[PDB]
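Colleague: CSV, N, CA, C and O atoms, file target_4.csv:
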chain,number,residue,atom,x,y,z
A,1,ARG,N,-74.6,96.0,43.9
A,1,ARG,CA,-75.9,96.5,44.3
A,1,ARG,C,-76.5,97.3,43.2
A,1,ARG,O,-75.9,97.5,42.2
A,2,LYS,N,-77.8,97.6,43.4
A,2,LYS,CA,-78.5,98.4,42.3
A,2,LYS,C,-79.4,99.5,42.9
A,2,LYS,O,-79.4,99.6,44.1
A,3,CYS,N,-80.1,100.2,42.1
A,3,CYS,CA,-81.0,101.2,42.6
A,3,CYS,C,-82.4,100.8,42.2
A,3,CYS,O,-82.8,100.7,41.1
A,4,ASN,N,-83.2,100.4,43.2
A,4,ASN,CA,-84.6,99.9,42.9
A,4,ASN,C,-85.5,101.1,42.6
A,4,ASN,O,-86.7,100.9,42.6
A,5,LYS,N,-85.0,102.3,42.3
A,5,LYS,CA,-85.9,103.4,42.0
A,5,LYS,C,-85.2,104.5,41.2
A,5,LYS,O,-84.0,104.6,41.2
A,6,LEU,N,-85.9,105.2,40.5
A,6,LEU,CA,-85.3,106.3,39.6
A,6,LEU,C,-86.3,107.4,39.5
A,6,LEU,O,-86.1,108.6,39.7
A,7,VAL,N,-87.6,107.0,39.2
A,7,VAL,CA,-88.7,108.0,39.1
A,7,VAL,C,-89.8,107.5,40.0
A,7,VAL,O,-89.5,106.7,40.9
A,8,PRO,N,-91.0,107.9,39.9
A,8,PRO,CA,-92.1,107.4,40.8
A,8,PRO,C,-92.5,106.0,40.4
A,8,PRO,O,-93.0,105.2,41.2
A,9,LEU,N,-92.3,105.6,39.2
A,9,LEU,CA,-92.6,104.2,38.8
A,9,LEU,C,-91.5,103.5,38.0
A,9,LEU,O,-91.7,102.8,37.1
A,10,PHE,N,-90.2,103.8,38.3
A,10,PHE,CA,-89.1,103.2,37.6
A,10,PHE,C,-88.1,102.6,38.5
A,10,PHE,O,-88.1,102.8,39.7
A,11,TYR,N,-87.2,101.7,38.0
A,11,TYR,CA,-86.2,101.0,38.8
A,11,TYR,C,-85.1,100.6,37.9
A,11,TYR,O,-85.3,100.3,36.7
A,12,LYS,N,-83.9,100.5,38.3
A,12,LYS,CA,-82.8,100.0,37.4
A,12,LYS,C,-81.6,99.5,38.2
A,12,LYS,O,-81.5,99.7,39.4
A,13,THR,N,-80.6,98.9,37.6
A,13,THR,CA,-79.4,98.4,38.3
A,13,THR,C,-78.2,99.0,37.8
A,13,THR,O,-78.3,99.9,37.0
A,14,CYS,N,-77.0,98.6,38.2
A,14,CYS,CA,-75.8,99.2,37.7
A,14,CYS,C,-74.7,98.1,37.7
A,14,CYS,O,-74.8,97.1,38.3
A,15,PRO,N,-73.6,98.4,37.0
A,15,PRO,CA,-72.5,97.5,36.8
A,15,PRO,C,-71.6,97.6,38.1
A,15,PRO,O,-72.0,98.1,39.1
A,16,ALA,N,-70.4,97.0,38.0
A,16,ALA,CA,-69.5,97.0,39.2
A,16,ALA,C,-68.4,98.1,39.0
A,16,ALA,O,-67.5,98.2,39.7
A,17,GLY,N,-68.6,99.0,38.1
A,17,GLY,CA,-67.7,100.1,37.9
A,17,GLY,C,-68.2,101.4,38.5
A,17,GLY,O,-67.5,102.4,38.6
A,18,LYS,N,-69.5,101.4,38.8
A,18,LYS,CA,-70.1,102.7,39.4
A,18,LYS,C,-69.9,102.6,40.9
A,18,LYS,O,-69.1,101.9,41.5
A,19,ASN,N,-70.6,103.5,41.6
A,19,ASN,CA,-70.5,103.5,43.1
A,19,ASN,C,-71.9,103.5,43.8
A,19,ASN,O,-72.3,102.6,44.3
A,20,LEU,N,-72.6,104.7,43.7
A,20,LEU,CA,-73.9,104.8,44.3
A,20,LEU,C,-75.0,105.1,43.2
A,20,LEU,O,-74.9,104.7,42.1
A,21,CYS,N,-76.0,105.8,43.6
A,21,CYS,CA,-77.0,106.2,42.7
A,21,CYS,C,-77.6,107.6,43.1
A,21,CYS,O,-77.4,108.0,44.2
A,22,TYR,N,-78.4,108.2,42.2
A,22,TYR,CA,-78.9,109.6,42.6
A,22,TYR,C,-80.1,109.9,41.7
A,22,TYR,O,-79.9,110.0,40.5
A,23,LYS,N,-81.2,110.3,42.3
A,23,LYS,CA,-82.4,110.7,41.4
A,23,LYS,C,-82.2,112.1,41.0
A,23,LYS,O,-82.2,113.0,41.9
A,24,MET,N,-82.0,112.4,39.8
A,24,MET,CA,-81.8,113.8,39.3
A,24,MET,C,-83.1,114.5,39.0
A,24,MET,O,-83.8,114.0,38.1
A,25,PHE,N,-83.5,115.5,39.7
A,25,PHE,CA,-84.8,116.1,39.4
A,25,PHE,C,-84.6,117.6,39.1
A,25,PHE,O,-83.5,118.0,38.6
A,26,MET,N,-85.6,118.4,39.3
A,26,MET,CA,-85.5,119.9,38.9
A,26,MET,C,-85.8,120.7,40.2
A,26,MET,O,-86.4,120.2,41.1
A,27,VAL,N,-85.6,122.0,40.2
A,27,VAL,CA,-85.9,122.8,41.3
A,27,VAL,C,-87.2,123.6,41.1
A,27,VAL,O,-87.3,124.7,40.6
A,28,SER,N,-88.3,122.9,41.3
A,28,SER,CA,-89.7,123.5,41.1
A,28,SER,C,-89.9,123.7,39.6
A,28,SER,O,-90.8,124.3,39.1
A,29,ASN,N,-89.0,123.1,38.8
A,29,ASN,CA,-89.2,123.2,37.3
A,29,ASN,C,-90.5,122.3,36.9
A,29,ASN,O,-91.4,122.9,36.3
A,30,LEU,N,-90.5,121.1,37.2
A,30,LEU,CA,-91.7,120.2,36.9
A,30,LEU,C,-92.5,120.0,38.1
A,30,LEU,O,-93.6,120.6,38.2
A,31,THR,N,-92.1,119.2,39.0
A,31,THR,CA,-92.9,118.9,40.2
A,31,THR,C,-92.0,118.3,41.3
A,31,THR,O,-92.1,118.6,42.4
A,32,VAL,N,-91.1,117.4,40.9
A,32,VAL,CA,-90.2,116.8,41.9
A,32,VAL,C,-89.5,115.6,41.3
A,32,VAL,O,-88.3,115.5,41.3
A,33,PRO,N,-90.3,114.7,40.8
A,33,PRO,CA,-89.8,113.4,40.2
A,33,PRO,C,-89.3,113.7,38.8
A,33,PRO,O,-89.9,114.5,38.0
A,34,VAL,N,-88.2,113.1,38.3
A,34,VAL,CA,-87.7,113.3,37.0
A,34,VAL,C,-86.9,112.1,36.5
A,34,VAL,O,-87.4,111.4,35.6
A,35,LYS,N,-85.8,111.9,37.0
A,35,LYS,CA,-85.0,110.7,36.6
A,35,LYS,C,-83.9,110.4,37.6
A,35,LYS,O,-83.9,110.9,38.7
A,36,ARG,N,-83.1,109.4,37.3
A,36,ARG,CA,-82.0,109.0,38.3
A,36,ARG,C,-80.9,108.2,37.5
A,36,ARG,O,-81.1,107.8,36.4
A,37,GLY,N,-79.8,108.1,38.1
A,37,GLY,CA,-78.7,107.3,37.4
A,37,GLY,C,-77.6,106.8,38.4
A,37,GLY,O,-77.9,106.8,39.6
A,38,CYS,N,-76.5,106.4,38.0
A,38,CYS,CA,-75.5,105.9,38.9
A,38,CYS,C,-74.6,107.0,39.4
A,38,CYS,O,-74.8,108.2,39.0
A,39,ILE,N,-73.6,106.8,40.2
A,39,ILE,CA,-72.7,107.9,40.6
A,39,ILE,C,-71.4,107.3,41.1
A,39,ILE,O,-71.2,106.2,41.4
A,40,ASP,N,-70.4,108.2,41.2
A,40,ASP,CA,-69.0,107.8,41.7
A,40,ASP,C,-68.7,108.5,42.9
A,40,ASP,O,-67.9,108.1,43.8
A,41,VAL,N,-69.3,109.7,43.1
A,41,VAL,CA,-69.0,110.5,44.3
A,41,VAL,C,-70.2,111.4,44.6
A,41,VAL,O,-70.9,111.8,43.6
A,42,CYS,N,-70.5,111.8,45.8
A,42,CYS,CA,-71.7,112.7,46.0
A,42,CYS,C,-71.2,113.8,46.9
A,42,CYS,O,-71.3,113.8,48.2
A,43,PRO,N,-70.8,114.9,46.3
A,43,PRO,CA,-70.3,116.1,47.0
A,43,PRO,C,-71.5,116.9,47.5
A,43,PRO,O,-72.1,116.7,48.6
A,44,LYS,N,-72.0,117.9,46.7
A,44,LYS,CA,-73.1,118.7,47.1
A,44,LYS,C,-74.2,118.7,45.9
A,44,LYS,O,-74.1,118.0,45.0
A,45,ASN,N,-75.1,119.6,46.0
A,45,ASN,CA,-76.2,119.7,44.9
A,45,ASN,C,-76.0,121.0,44.2
A,45,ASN,O,-75.1,121.7,44.4
A,46,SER,N,-77.0,121.3,43.4
A,46,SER,CA,-76.9,122.6,42.6
A,46,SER,C,-78.3,123.3,42.6
A,46,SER,O,-79.3,122.7,43.0
A,47,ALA,N,-78.4,124.5,42.1
A,47,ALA,CA,-79.7,125.2,42.1
A,47,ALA,C,-80.4,124.9,40.7
A,47,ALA,O,-81.1,125.8,40.2
A,48,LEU,N,-80.2,123.8,40.2
A,48,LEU,CA,-80.8,123.5,38.8
A,48,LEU,C,-81.3,122.1,38.8
A,48,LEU,O,-82.4,121.8,38.2
A,49,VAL,N,-80.6,121.2,39.4
A,49,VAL,CA,-81.1,119.8,39.4
A,49,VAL,C,-81.1,119.2,40.8
A,49,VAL,O,-80.1,119.4,41.6
A,50,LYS,N,-82.1,118.5,41.2
A,50,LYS,CA,-82.1,117.9,42.6
A,50,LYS,C,-81.3,116.7,42.6
A,50,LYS,O,-81.8,115.6,42.2
A,51,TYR,N,-80.1,116.8,43.0
A,51,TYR,CA,-79.2,115.6,43.0
A,51,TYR,C,-79.4,114.8,44.3
A,51,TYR,O,-78.7,114.9,45.2
A,52,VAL,N,-80.4,113.9,44.3
A,52,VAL,CA,-80.6,113.1,45.6
A,52,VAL,C,-79.7,111.9,45.5
A,52,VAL,O,-80.1,110.8,45.0
A,53,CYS,N,-78.5,112.0,46.0
A,53,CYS,CA,-77.6,110.8,46.0
A,53,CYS,C,-77.8,109.9,47.2
A,53,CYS,O,-78.1,110.4,48.3
A,54,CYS,N,-77.5,108.7,47.0
A,54,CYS,CA,-77.7,107.7,48.2
A,54,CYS,C,-76.9,106.4,47.9
A,54,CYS,O,-76.7,106.1,46.7
A,55,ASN,N,-76.6,105.7,48.9
A,55,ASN,CA,-75.9,104.4,48.7
A,55,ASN,C,-76.7,103.3,49.3
A,55,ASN,O,-76.2,102.2,49.7
A,56,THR,N,-77.9,103.5,49.6
A,56,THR,CA,-78.8,102.5,50.3
A,56,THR,C,-79.2,101.4,49.2
A,56,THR,O,-78.7,101.4,48.1
A,57,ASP,N,-80.1,100.6,49.6
A,57,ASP,CA,-80.6,99.5,48.6
A,57,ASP,C,-81.2,100.2,47.4
A,57,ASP,O,-81.3,99.6,46.3
A,58,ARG,N,-81.6,101.4,47.5
A,58,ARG,CA,-82.2,102.1,46.3
A,58,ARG,C,-81.1,102.8,45.5
A,58,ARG,O,-81.3,103.7,44.7
A,59,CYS,N,-79.9,102.4,45.7
A,59,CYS,CA,-78.7,103.0,45.0
A,59,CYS,C,-77.5,102.0,45.0
A,59,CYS,O,-77.3,101.3,44.1
A,60,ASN,N,-76.8,102.0,46.1
A,60,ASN,CA,-75.6,101.0,46.2
A,60,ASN,C,-76.0,99.9,47.1
A,60,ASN,O,-75.1,99.1,47.4
Could you quickly redo this structure as structure tokens?

Modeller:
Amino acid sequence: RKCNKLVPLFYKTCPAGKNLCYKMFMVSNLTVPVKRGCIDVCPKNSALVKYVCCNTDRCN
């Protein structure tokens, strides 16, 4: 599967060695949208980057 989104106008896929996907943003740093990538596990988030992890069609 792949992630059909990463930013407000971006999209990308992944290999078979990853697991899900997550759009990494900032906490009120810029605005909300920033970037995204693949993932292997999704525990919790942090107070520095918005780790929006998901395994839906927009990720896994």

Colleague: Quick one: residues within 8 Å of residue 41 (chain A), all atoms listed in the file, excluding same-chain residues fewer than 2 positions away - as a VMD selection string?

Modeller: chain A and resid 18 to 21 38 to 39 43 to 44 53

Colleague: What's the separation between atom O of residue 40 (chain A) and atom O of residue 13 (chain A), in Å to one decimal place?

Modeller: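 Value for the atom O of residue 40 (chain A)-atom O of residue 13 (chain A) distance: 14.9 Å.
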
Colleague: What is the atom O of residue 26 (chain A) to atom O of residue 7 (chain A) distance in Å?

Modeller: 13.9 Å

Colleague: So which residues fall inside 8 Å of (-86.0, 127.4, 44.1) if we count only N, CA, C and O atoms? Mind giving them as a ChimeraX atom specification?

Modeller: /A:26-29,47-48

Colleague: I'd like to know which of A:58, A:50, A:2, A:23 is closest to residue 37 (chain A), using only C-alpha atoms.

Modeller: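 Residue with the minimum atom-to-atom distance to residue 37 (chain A): A:23.
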
Colleague: Could you tell me, as a count of residues only, which residues of chain A DSSP assigns to strand (DSSP E or B) when given the backbone?

Modeller: 21

Colleague: Smallest atom-to-atom distance to residue 54 (chain A): which of A:22, A:4, A:15, A:34, using all atoms listed in the file?

Modeller: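 That would be A:22, the residue with the smallest distance to residue 54 (chain A).
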
Colleague: May I ask for the distance between atom O of residue 3 (chain A) and atom N of residue 42 (chain A), given in Å to one decimal place?

Modeller: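 Distance reported for this atom pair: 17.2 Å.
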
Colleague: Choose the residue, out of A:1, A:14, A:32, A:6, that has the smallest atom-to-atom separation from residue 56 (chain A); count all atoms listed in the file.

Modeller: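 Comparing A:1, A:14, A:32, A:6 against residue 56 (chain A), the winner is A:1.
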
Colleague: So, counting only C-alpha atoms, which residue among A:33, A:17, A:24, A:12 is closest to residue 45 (chain A)?

Modeller: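 Selected residue with least distance to residue 45 (chain A): A:24.
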